Each structure stands twice: as structure tokens, then as C-alpha cells.
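Have a look at the structure below, then the notes.
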Amino acid sequence: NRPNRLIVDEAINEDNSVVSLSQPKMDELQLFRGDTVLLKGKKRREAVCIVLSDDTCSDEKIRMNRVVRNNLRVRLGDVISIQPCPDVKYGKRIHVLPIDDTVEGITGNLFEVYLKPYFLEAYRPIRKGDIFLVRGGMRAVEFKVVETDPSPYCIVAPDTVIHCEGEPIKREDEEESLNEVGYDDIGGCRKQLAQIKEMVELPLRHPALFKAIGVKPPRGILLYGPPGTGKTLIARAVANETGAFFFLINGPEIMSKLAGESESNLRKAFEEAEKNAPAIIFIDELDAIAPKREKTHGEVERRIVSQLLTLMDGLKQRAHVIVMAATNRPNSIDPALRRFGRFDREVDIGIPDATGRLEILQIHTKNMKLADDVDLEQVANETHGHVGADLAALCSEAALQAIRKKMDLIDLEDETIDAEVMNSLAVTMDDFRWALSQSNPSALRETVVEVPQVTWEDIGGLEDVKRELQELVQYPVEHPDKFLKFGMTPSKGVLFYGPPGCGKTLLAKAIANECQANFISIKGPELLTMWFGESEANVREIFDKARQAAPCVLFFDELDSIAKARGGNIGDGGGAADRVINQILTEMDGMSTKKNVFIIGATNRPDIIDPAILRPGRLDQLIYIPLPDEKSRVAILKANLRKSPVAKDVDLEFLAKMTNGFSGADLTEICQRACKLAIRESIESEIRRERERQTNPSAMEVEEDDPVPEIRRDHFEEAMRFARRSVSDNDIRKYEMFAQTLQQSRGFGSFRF
Amino acid sequence: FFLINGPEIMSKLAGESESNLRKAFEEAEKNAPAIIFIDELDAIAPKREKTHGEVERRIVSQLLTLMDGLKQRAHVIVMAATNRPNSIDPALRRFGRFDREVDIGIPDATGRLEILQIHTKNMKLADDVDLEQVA
Amino acid sequence: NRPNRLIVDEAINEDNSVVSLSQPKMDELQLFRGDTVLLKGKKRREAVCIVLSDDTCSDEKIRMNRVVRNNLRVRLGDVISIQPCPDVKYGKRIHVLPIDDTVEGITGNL
């Protein structure tokens, strides 16, 4: 219509396709009932204008029938210009092709039924997959018109010779055409995408603008995007939306085994596309595969690369040519085309944001069931780890889990498959959450494999530490607000300088279970490689994966091992490792974005720490965790008892008093030993009862006959007699000295005037 | 069934194996709602990341084109016969062939004994073969 | 399927190919002499079987015989009704090919 769009919400008429001719609509656009002005809808939309001017009763609003919007595969409220468009022209002999799902079951001759329904709903919709108000024949007679350029909307006239439907159009092909890939069907990084999309379109939509500029437009940019992000899918969909002489290319076809056959085929394709109309091609990282006569020794490949470069960058290459390049290697090493003029531009693609994730999720759900039981906004807010095609796969997995539950929640339902039941299945926030827990990011899916992790509730003590971890996690959710208020960035991570060997893996697992993001963990065993220089390459790969997967954590296991105290003292391997560690630290601190990371490290001792890494900035924070206290001992005992048969026979307070800060792992081991003794006693009692093999029907008054359904204080005393108390006084002194050294730098007052 | 040995997919002519695989996939698709068995698929490629082989890169591109095709499975099953269940293969690097892994109930432990019992019960008359020895 | 487990008991008729229909199938299948009673079964089963139902006396158990299960390749309790013969397609030249077992053991030519 105009930049002032028609508010098509509720037409004055209630037919299938009747635009309510507003006083403004019927006046500014001469939209009379006989005026069959074709509305400028979406995706080549045109029809006969059913004027529904009802300004006499109330204020006539410019509204199209909601049935028209539902039919035309559009939304109600669009702008459409009321003029006779050529998409529905005048025609003498128009081909008629009734659909197979429409021709089958129809009553009478096709011409007889059609002419009967030809006059009915003449001003119906003829847009993309538009369902005209074709009611008649006592059946779903889908008047599948050819919708040809000559008279796509057939006026009721005997002149229109109804050509026989030479083929009954199958419903599957019709659905596939309706299930097309649109430009708005992608979403995501619209800010970047439109920059190239409008650039391409305006050059064709307003070529006069390009002429007035005096500068030619690009010949097709390169999509430097993360692989498998739907980037291939997104490019294909964008090409499908564009109405141009497109001819995508693939590397497999680009690799011929004959003498120059691939290059000749590529040249022929380019020439045919140029001769056709607006050329559009798709590439798959064959330029990162281009040796540039320098990377590799494959001359035939190099020859093909050079010929392609000349074709795309040469004397009078082409007009109306769009060489769209999809960089499957995001860091496409193409020293030849990836420059000014040789490449048109470079489109950078990757993972979306939380808002973009929500948009993509909404797009996926739009073609899905009700999902009323599932809160999409909360799920998208939670789903801050996966993105793009990963998010789409997650949605598919949630649908599959809900469907598997419902089909399992029902019988096979092969006789009465209640579509109402299927719709009611929809999607559950329970099913969605179950899949999401089952789901994980694809990058981590090839990177890490988690094991069971107990919740922070199972974590005993470290209340201040738990609070700090919670604050760090919440920083991700509201850090925009904090930066807006103060303007201060958060810390990266803290070195959990815990008691020596007290077990910090427990803390790490508890954090990971309590973690709400993509928490990754380092491994001290996989630090170095025999291949020269591979260590920093592994380090670089890890850092890059972390930067890609924000928010993320880096549980630096064997922090002392990587620290190597000084670094670079003796041995060539030692020097190389020190260099790699320094490079990793510099990558960590720092010349990058540093979006969301967590430096979680536990070392043997502060002396074992890397002096440079231990320095601030390189070290964000540190947790010089001491050994367990009596209250901590009681907490650990309770946590252990959370899954055990308890008793009051042995006093937990007395146990803590006798502990004198003994190792909590020792207490857990003592509990395990007591439980094992009780279980063995129960097994022996059961064996003894079975020895008298049912001597009486009521031989066992307690059928289980649990001899130790509670904790035997005798077992506790026996475990105490064989206690460990692994707290080394020399190790105590060493950890205390390290802590005292740390605290020596500490100590400050109010410092307030 | 379309058994496709990974070793059989190794050719000296760059693309010849890839072109043959694409042709076989198309022929099976035109044939019926068939099932493709990608034998030795895990070692069939290095995902063109660990290896600098341009042939490997071409094979990966063909797979991402052939295996990931626009409705290229008209009721067709691309069953990727991985060499090892946990082998970190090329498709581990490129999780596009397993762009969706089905929640499917995996095997059992007495399935060794069960399969031995089936084989003995298939046509064998070894009555004196004790089932305890089989277990 | 249905929540009530179908009782797999002995068929009323001794022959495997002949079975007794249930109460609902006693009169549901119309007995026609000029048209073969093709029962709708599993694997495109169009079998011209009898409409002999023991439902006129008692509730005949819905269960196949010892060889009927391997014959029809249908599970116990599966619903089978008299429907149009889908395995019987009339064509311009529709002839049944012979086999060696059809030739071997039979007197004269196949």
C-alpha cells in the first residue's frame, strides 16, 4: 500500500478475501466492488479487490479478511496497493492443472465443477499458497490453477479455454512449494544479514540508484561464518527467497577427474548464468582449499583456483552477477580471492545472542505444536549455551522427547490416533527441560563428556565460597545493569588454593552441577604433545572454543602442573612448555573480548604456582581454602548421612569433637567402612536364616530382617580405631606458611577521612 | 540396503569415490525408500582438520552435500556404520551426519549368551553343549 | 493397541487355516457365494477363508492356531475383517508363474 500500511485486522465484510474499503482506503485508492485492483501483498500477491466499504454504519477501516491472510500464507495487517497488477493479467487460453489431492474425489467433470465454482469467490486470494474460497462439489475441491502470467486469476468468462489437467498435481510437491525457504524465515543476526541482503536487492530493486551513485555494486560477498550454524542452510534459504537466476555450486562437483573438466564446467556454468539473468552462485570453502600456489603442490587444483579467480576477477567479468561465497572454513585461508575486488565483501556469521536465540526458537516453534505447557521465554533465557542449528536441533529433540513420552504415555494408538491427543501433547516444559538437560552444545559435544555431579546442596561448607560462586553466576544475568551503573568489568576466575589433596574435584563437580552455563574443565594430563609446538596449538584451540562458547568456565585441573612454579628452567621440553604456558596466559590475559570465562584452578601449593600467572590480571582471584573445621566436619557428616541409614547410637557432635579437624574424606571412608561392615553382617544374617531353609512358614517375622537398618555405633568405633587422620603436620606448616605469605600482602583499614 | 565400506570409498582419482558415492545415493533414492549403510565411516575421513589431504576435504564436502541434502532422504535412512561407538571420528568433528541422534535402546549384556543360544537354536543340534558353559 | 490382553488359547477349529471369529465378527462378515470372502489381514493378506464363527455358541477366543501364526504373519489379537481383496489385482495380462515345488511332486506338468 504505502509507508502508511493498511491495518488489516477485521474486515467489514466476513468473506474469505474481502478488503474492508475504508473511507481512506476506498477514497485514496478507488477500490469499488467492480474495481478488481490487485492488492500488492507479499511473495507475488495479486487478486481481485473485494471492496467492503462500510463507512455508513461505523468508521470503515482498511482491513482485509483474516481468512485471506491465513490463506495467502501471510499475516493480517500487511500493506497492499490497490491497483490492477500484472500478476493476475488478462488471458485467452489459460492452462488448468487440478491437483491430485483435489482432482481425486471431485464430482462430475472438471470443467463442469470448475465453471460452477468459477463465479464463486472471484475476489479470492492468489498469493503464495493462497487458499481461495473454493467451496462446492461437496468435497475439498482445491481449484489448483496454473496461476500463469497470463490471467493467474481467471475471470469468469467463456473465453478462458480451460486446458485439461494433464497431470494431477501431487500434494507432496504442493506442500514442499508451500514449505519454501523465505528470507524472513532465518532471523538471527538480522543487523549483519540485511547489510548484504539490501545491498544485493537495491542494486536490482533500484538500479537507478546505483547509476546515480556512479559506482558499481559488489559481485557477491563471502560468508565467513561458523560452519554448520545453519550457515549453509541460511545461505540456501536466502537464495531461495531471492528471485534471481541462481545456480549454487558444491566442492564435490567442483572436483573432476578428467583433463580440466571441472574448470571447463565452472566456466560454462558462469557463462550460462550470466547469459541467463542475475547470476547467483554458492561456494564451499574451496578457496581456503586453494593452495594459492603456495599452500599446496596441487597444480590442477591451483590451476582451477586461478581460473575461477580470473572468471570472478578478470577483464569485464560480468554484470548482474552475485558470487555468494559460503566460507565453510570460517578462518578461510584464501590468499587469492579474500581481498578487495577479488572478493566483493566478507560476511561474518557465527552464533547468535540470547535475543537471537529466542528469535530462532520462536521461528522453530512457529511450525511446531502448541507447546503451551512449555515457557518459551524462560527456555530461551536458560538456553544461553546452544545457538543456531544447535538450537534448532534442541527444539527438534524436545519435540521428539515429548512425542516419545506421549506415545509411551498412550498405547500404540494405531487404531485411534487422536489428533486432539497429539495437539494436547504439544510440548511440556517438563519435556523441554528433560531434552535440554539431555541436550548440549555441539562444540562441547565433540569436546567434553560430563559425569554425574552433585548439587551445591550436597556441597558442605564453603558458605562464603558458595556465595561468591553464586555472585559470579548472577553476574552473567545482570552484568549489563552493573556495567550501566558503575562501568566495571567482572573478574575471570579464582585459584582454589585449597588444602593439599583435601579434594577440590568435589567442589568443581558441585559447581558444575550448580552451573547454569557451558562449564568446561582443563586436564593436566593432556597438557603437551610430542609434535613440536602442538601444545600452544592445543592451548589456542581450547581458548578459541571457550571464546566461541560464552558463557563458559575453565576448571583448570592440575593447576600446579601447568603452573610449573617458575617455568623454563631446564630441558628443551621445559622451555617449550614454559613458552606455551606464557602464550596461553597472554591469550587469557589478554588482548581479546573475554566475553564470559571462569579460571577455576586448584594447585598443590602457592609455591607450585607460576609466579607470572599468580600475578594479578593474569590471576583474577584466588581461594586459599583451608582444611575442614569442626562445624565443617559436622556438615560433611550430615552430607554423607544424606543417603545412609542413620542412628543416634553414635553422636555426631562427639565425632566432630574427636575429629580435631581430621580429613573429611577420612570421615567419608569411615562411614563407608561402617556401612560395608553392616551390609556384610546383614548378608551373613540372611545366609544364616536361609540355612534353616523355611523351617517354619513364619520363620522370619521381619521378612527383610534388617540387622542394621540404622548406624551401629560399634561400627563407628571400629572405624575410629582404624582411622587415618591424613593431616600432615609438615604439610599443615607448609600450607600455613603459604597462607601467611598471602595474608602478609593483605590487611587494610577503613581509610576514610 | 546400501553398504558403503570406508576403505572402498578411498580412490586415487580425486572425486571419483565422491562422485560414485553421490551416484549411488541418487540411484538408491530413485530406487526406493532405501537404507544406506556407511561401513567403516568413522575412519573413512579425518574431517579434513587433522589431515591436510585435499581428497579428504573433498570427501567431507561431498558428505556435507550428499549426507546433508535437501530432503535427499525420501523415506531413506542414512545409517552411518561407525567403526567404534566412542571413536572420535570425522563426524565427531562434523556432527552433521548425526545432526540428530535417535533415542534408541542399546544392547544388553547377556546378549552374548542370548545370541549364542539363538545360534545354537538356529540350526544346531548340540544338546550336550551345556548352557552354563555357554554363559 | 487395546488395553485388554487378547487370550491366546486353542482355536475352535483343528485346522490352522480355519479359525473361529469373535462375537463382533459372527455376523459382521457377510457370507457370499459368488464373491470370495477376503479377510483383511497382515502383509496385504487377502485370504478367501470361511465365515465360520463359533460366536453363536460362546465368546470364541481371538487366537491363531499353531501354524496360522506363521502363515498370516499377524500378531495375536489383531483385528481382521472381511474387506476388498487388496492382493487380488485384475490386469490386462495377470498370470501366476509356476514354481518347482508346484511342478515337483505333482502328477504331470505344473
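In the C-alpha cells, chains take the letters A, B, ... in the order shown, each chain's residues start at 1, and ligands count up from 1 in the order shown.
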
TODO: Using only C-alpha atoms, find the residues of chain C whose closest atom to chain A is at most 12 Å away, then write them as a list in words.
DONE: residues 1, 2, 3, 4, 78 and 79 of chain C

For those residues, write C-alpha atoms to a file as a compact mmCIF listing (two decimals), in the first residue's frame.
```txt
# COMPACT_ATOMS: atom_id res chain seq x y z
CA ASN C 1 -3.29 -51.23 20.90
CA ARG C 2 -6.22 -52.15 23.13
CA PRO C 3 -5.55 -52.36 26.88
CA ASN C 4 -7.25 -55.75 27.27
CA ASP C 78 -5.01 -58.41 15.58
CA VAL C 79 -8.30 -57.24 14.10
```

Which residues of chain B sit at most 12 Å from chain A, using only C-alpha atoms? Give each one's shortest atom pair and distance in Å (one decimal place), in chain and ascending residue order, as a Markdown table.
```
| residue | atom | partner | partner_atom | distance |
| --- | --- | --- | --- | --- |
| B:11 | CA | A:257 | CA | 11.0 |
| B:12 | CA | A:257 | CA | 9.8 |
| B:13 | CA | A:257 | CA | 6.0 |
| B:14 | CA | A:257 | CA | 6.1 |
| B:15 | CA | A:255 | CA | 5.5 |
| B:16 | CA | A:257 | CA | 6.8 |
| B:17 | CA | A:252 | CA | 10.0 |
| B:18 | CA | A:252 | CA | 6.7 |
| B:19 | CA | A:252 | CA | 7.2 |
| B:20 | CA | A:252 | CA | 10.7 |
| B:21 | CA | A:252 | CA | 10.5 |
| B:22 | CA | A:252 | CA | 8.9 |
| B:23 | CA | A:253 | CA | 11.5 |
| B:47 | CA | A:329 | CA | 11.8 |
| B:48 | CA | A:289 | CA | 10.3 |
| B:49 | CA | A:329 | CA | 10.1 |
| B:50 | CA | A:534 | CA | 12.0 |
| B:52 | CA | A:296 | CA | 9.3 |
| B:53 | CA | A:296 | CA | 9.9 |
| B:54 | CA | A:289 | CA | 7.3 |
| B:55 | CA | A:255 | CA | 9.5 |
| B:56 | CA | A:252 | CA | 11.1 |
| B:57 | CA | A:289 | CA | 8.1 |
| B:58 | CA | A:252 | CA | 5.9 |
| B:59 | CA | A:252 | CA | 7.3 |
| B:60 | CA | A:252 | CA | 8.8 |
| B:61 | CA | A:251 | CA | 6.0 |
| B:62 | CA | A:252 | CA | 4.9 |
| B:63 | CA | A:252 | CA | 8.7 |
| B:64 | CA | A:228 | CA | 9.4 |
| B:65 | CA | A:250 | CA | 7.3 |
| B:66 | CA | A:252 | CA | 9.2 |
| B:68 | CA | A:233 | CA | 10.0 |
| B:69 | CA | A:233 | CA | 10.2 |
| B:70 | CA | A:233 | CA | 9.3 |
| B:71 | CA | A:176 | CA | 9.7 |
| B:74 | CA | A:172 | CA | 11.1 |
| B:86 | CA | A:446 | CA | 10.8 |
| B:87 | CA | A:446 | CA | 10.8 |
| B:88 | CA | A:446 | CA | 7.6 |
| B:89 | CA | A:446 | CA | 9.6 |
| B:90 | CA | A:446 | CA | 10.2 |
| B:91 | CA | A:446 | CA | 9.2 |
| B:92 | CA | A:446 | CA | 5.7 |
| B:93 | CA | A:446 | CA | 6.2 |
| B:94 | CA | A:228 | CA | 8.1 |
| B:95 | CA | A:442 | CA | 7.2 |
| B:96 | CA | A:228 | CA | 7.2 |
| B:97 | CA | A:228 | CA | 10.8 |
| B:98 | CA | A:393 | CA | 10.6 |
| B:99 | CA | A:393 | CA | 7.3 |
| B:100 | CA | A:393 | CA | 6.9 |
| B:101 | CA | A:397 | CA | 8.9 |
| B:102 | CA | A:400 | CA | 8.8 |
| B:103 | CA | A:401 | CA | 8.5 |
| B:104 | CA | A:404 | CA | 10.9 |
```

Can those selected residues be exported to a file as an mmCIF file, in the first residue's frame so that it contains C-alpha atoms?
```cif
data_model
loop_
_atom_site.group_PDB
_atom_site.id
_atom_site.type_symbol
_atom_site.label_atom_id
_atom_site.label_comp_id
_atom_site.auth_asym_id
_atom_site.auth_seq_id
_atom_site.Cartn_x
_atom_site.Cartn_y
_atom_site.Cartn_z
ATOM 1 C CA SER B 11 40.167 -43.721 -4.569
ATOM 2 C CA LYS B 12 43.256 -42.361 -6.302
ATOM 3 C CA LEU B 13 41.216 -40.097 -8.604
ATOM 4 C CA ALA B 14 40.054 -37.040 -6.642
ATOM 5 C CA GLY B 15 36.274 -37.066 -6.701
ATOM 6 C CA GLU B 16 35.852 -40.476 -8.311
ATOM 7 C CA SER B 17 34.966 -42.060 -4.978
ATOM 8 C CA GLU B 18 32.895 -38.987 -4.105
ATOM 9 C CA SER B 19 31.137 -38.980 -7.475
ATOM 10 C CA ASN B 20 30.498 -42.717 -7.191
ATOM 11 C CA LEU B 21 29.056 -42.249 -3.704
ATOM 12 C CA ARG B 22 26.802 -39.427 -4.881
ATOM 13 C CA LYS B 23 25.653 -41.529 -7.835
ATOM 14 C CA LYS B 47 37.204 -34.405 8.954
ATOM 15 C CA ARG B 48 39.879 -32.504 6.978
ATOM 16 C CA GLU B 49 41.086 -30.997 10.252
ATOM 17 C CA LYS B 50 43.739 -33.403 11.500
ATOM 18 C CA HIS B 52 45.787 -31.903 5.187
ATOM 19 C CA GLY B 53 44.539 -34.267 2.473
ATOM 20 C CA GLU B 54 42.633 -32.356 -0.175
ATOM 21 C CA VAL B 55 40.988 -35.657 -1.097
ATOM 22 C CA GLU B 56 39.773 -35.879 2.500
ATOM 23 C CA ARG B 57 38.439 -32.324 2.278
ATOM 24 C CA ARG B 58 36.655 -33.166 -0.976
ATOM 25 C CA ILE B 59 35.129 -36.264 0.619
ATOM 26 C CA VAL B 60 33.975 -34.179 3.583
ATOM 27 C CA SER B 61 32.411 -31.641 1.223
ATOM 28 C CA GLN B 62 30.651 -34.393 -0.725
ATOM 29 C CA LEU B 63 29.294 -35.878 2.501
ATOM 30 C CA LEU B 64 28.082 -32.496 3.762
ATOM 31 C CA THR B 65 26.434 -32.213 0.348
ATOM 32 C CA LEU B 66 25.249 -35.822 -0.074
ATOM 33 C CA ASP B 68 23.171 -33.353 4.336
ATOM 34 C CA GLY B 69 20.877 -32.974 1.336
ATOM 35 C CA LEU B 70 17.663 -31.001 0.958
ATOM 36 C CA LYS B 71 15.059 -33.702 1.637
ATOM 37 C CA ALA B 74 12.612 -39.632 0.635
ATOM 38 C CA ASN B 86 33.069 -43.989 21.034
ATOM 39 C CA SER B 87 35.685 -43.340 18.331
ATOM 40 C CA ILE B 88 36.173 -39.591 17.980
ATOM 41 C CA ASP B 89 35.774 -39.768 14.210
ATOM 42 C CA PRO B 90 35.476 -37.153 11.454
ATOM 43 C CA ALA B 91 31.731 -36.989 12.145
ATOM 44 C CA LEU B 92 32.573 -36.339 15.785
ATOM 45 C CA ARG B 93 34.306 -33.211 14.488
ATOM 46 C CA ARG B 94 31.474 -32.569 11.998
ATOM 47 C CA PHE B 95 28.255 -33.516 13.795
ATOM 48 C CA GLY B 96 26.191 -33.010 10.653
ATOM 49 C CA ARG B 97 25.733 -36.615 9.622
ATOM 50 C CA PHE B 98 24.453 -37.199 13.159
ATOM 51 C CA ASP B 99 22.641 -33.876 13.034
ATOM 52 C CA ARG B 100 20.103 -35.829 15.105
ATOM 53 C CA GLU B 101 20.779 -38.976 17.130
ATOM 54 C CA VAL B 102 17.696 -41.100 17.832
ATOM 55 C CA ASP B 103 16.854 -42.133 21.411
ATOM 56 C CA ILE B 104 17.165 -45.840 20.685
#
```

- [ ] Name the residues in contact with residue 38 in chain B at a cut-off of 12 Å, using only C-alpha atoms, excluding same-chain residues fewer than 4 positions from it; report them as a ChimeraX atom specification.
- [x] /B:1-9,21,24-25,42-45,63,67,77-83,91,97

Open item on the list: Could you go through chain B and tell me which residues DSSP, when run on the backbone, assigns to alpha helix (DSSP H), listing them as JSON, numbers by chain?
Closed with: {"B": [16, 17, 18, 19, 20, 21, 22, 23, 24, 25, 26, 27, 28, 29, 30, 31, 54, 55, 56, 57, 58, 59, 60, 61, 62, 63, 64, 65, 66, 90, 91, 92, 93, 111, 112, 113, 114, 115, 116, 117, 118, 119, 120, 121, 122, 131, 132, 133, 134]}

Open item on the list: One number please: CA of residue 24 in chain A to CA of residue 4 in chain A, in Å, one decimal.
Closed with: 11.1 Å

TODO: Can you check which residues of range 298-451 of chain A DSSP gives as strand (DSSP E or B) on the backbone and send them as an MDAnalysis selection string?
DONE: chainID A and resid 321:327 340 343 346:348 373 428

Would you save the residues of that selection, restricted to N, CA, C and O atoms, as a PDB file, in the first residue's frame?
```
ATOM      1  N   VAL A 321      25.778 -10.220 -11.618  1.00  0.00           N
ATOM      2  CA  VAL A 321      26.427 -11.423 -11.118  1.00  0.00           C
ATOM      3  C   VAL A 321      26.640 -11.288  -9.618  1.00  0.00           C
ATOM      4  O   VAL A 321      27.247 -10.324  -9.138  1.00  0.00           O
ATOM      5  N   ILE A 322      26.137 -12.271  -8.877  1.00  0.00           N
ATOM      6  CA  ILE A 322      26.308 -12.304  -7.430  1.00  0.00           C
ATOM      7  C   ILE A 322      27.020 -13.592  -7.048  1.00  0.00           C
ATOM      8  O   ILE A 322      26.404 -14.662  -6.986  1.00  0.00           O
ATOM      9  N   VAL A 323      28.321 -13.501  -6.791  1.00  0.00           N
ATOM     10  CA  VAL A 323      29.095 -14.671  -6.401  1.00  0.00           C
ATOM     11  C   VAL A 323      29.065 -14.805  -4.887  1.00  0.00           C
ATOM     12  O   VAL A 323      29.988 -14.364  -4.193  1.00  0.00           O
ATOM     13  N   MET A 324      28.015 -15.427  -4.364  1.00  0.00           N
ATOM     14  CA  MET A 324      27.902 -15.648  -2.933  1.00  0.00           C
ATOM     15  C   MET A 324      28.835 -16.773  -2.517  1.00  0.00           C
ATOM     16  O   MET A 324      28.778 -17.879  -3.058  1.00  0.00           O
ATOM     17  N   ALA A 325      29.701 -16.482  -1.553  1.00  0.00           N
ATOM     18  CA  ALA A 325      30.679 -17.448  -1.082  1.00  0.00           C
ATOM     19  C   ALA A 325      30.370 -17.801   0.361  1.00  0.00           C
ATOM     20  O   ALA A 325      30.296 -16.917   1.218  1.00  0.00           O
ATOM     21  N   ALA A 326      30.182 -19.088   0.622  1.00  0.00           N
ATOM     22  CA  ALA A 326      29.943 -19.597   1.967  1.00  0.00           C
ATOM     23  C   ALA A 326      31.253 -20.191   2.468  1.00  0.00           C
ATOM     24  O   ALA A 326      31.676 -21.260   2.017  1.00  0.00           O
ATOM     25  N   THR A 327      31.895 -19.493   3.397  1.00  0.00           N
ATOM     26  CA  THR A 327      33.161 -19.957   3.940  1.00  0.00           C
ATOM     27  C   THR A 327      32.925 -21.044   4.979  1.00  0.00           C
ATOM     28  O   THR A 327      32.695 -20.758   6.157  1.00  0.00           O
ATOM     29  N   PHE A 340      40.305  -7.086  -1.436  1.00  0.00           N
ATOM     30  CA  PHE A 340      39.500  -6.061  -2.087  1.00  0.00           C
ATOM     31  C   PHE A 340      39.401  -6.381  -3.573  1.00  0.00           C
ATOM     32  O   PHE A 340      40.399  -6.747  -4.199  1.00  0.00           O
ATOM     33  N   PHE A 343      37.543 -10.548  -3.764  1.00  0.00           N
ATOM     34  CA  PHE A 343      36.279 -10.769  -3.084  1.00  0.00           C
ATOM     35  C   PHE A 343      35.516  -9.456  -3.020  1.00  0.00           C
ATOM     36  O   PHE A 343      36.098  -8.380  -2.865  1.00  0.00           O
ATOM     37  N   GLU A 346      33.066  -9.466   2.840  1.00  0.00           N
ATOM     38  CA  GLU A 346      33.237 -10.631   3.702  1.00  0.00           C
ATOM     39  C   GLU A 346      32.141 -10.603   4.756  1.00  0.00           C
ATOM     40  O   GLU A 346      32.170  -9.763   5.660  1.00  0.00           O
ATOM     41  N   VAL A 347      31.184 -11.514   4.639  1.00  0.00           N
ATOM     42  CA  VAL A 347      30.115 -11.600   5.623  1.00  0.00           C
ATOM     43  C   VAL A 347      30.551 -12.490   6.781  1.00  0.00           C
ATOM     44  O   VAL A 347      30.891 -13.659   6.611  1.00  0.00           O
ATOM     45  N   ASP A 348      30.528 -11.925   7.980  1.00  0.00           N
ATOM     46  CA  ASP A 348      30.909 -12.646   9.183  1.00  0.00           C
ATOM     47  C   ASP A 348      29.659 -13.189   9.858  1.00  0.00           C
ATOM     48  O   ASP A 348      28.744 -12.427  10.187  1.00  0.00           O
ATOM     49  N   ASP A 373       2.412 -25.868  27.507  1.00  0.00           N
ATOM     50  CA  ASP A 373       2.979 -26.263  28.787  1.00  0.00           C
ATOM     51  C   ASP A 373       4.422 -25.812  28.954  1.00  0.00           C
ATOM     52  O   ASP A 373       4.936 -25.835  30.076  1.00  0.00           O
ATOM     53  N   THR A 428       5.811 -30.021  26.621  1.00  0.00           N
ATOM     54  CA  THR A 428       5.821 -29.740  28.042  1.00  0.00           C
ATOM     55  C   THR A 428       7.126 -29.057  28.430  1.00  0.00           C
ATOM     56  O   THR A 428       8.208 -29.406  27.951  1.00  0.00           O
TER      57      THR A 428
END
```
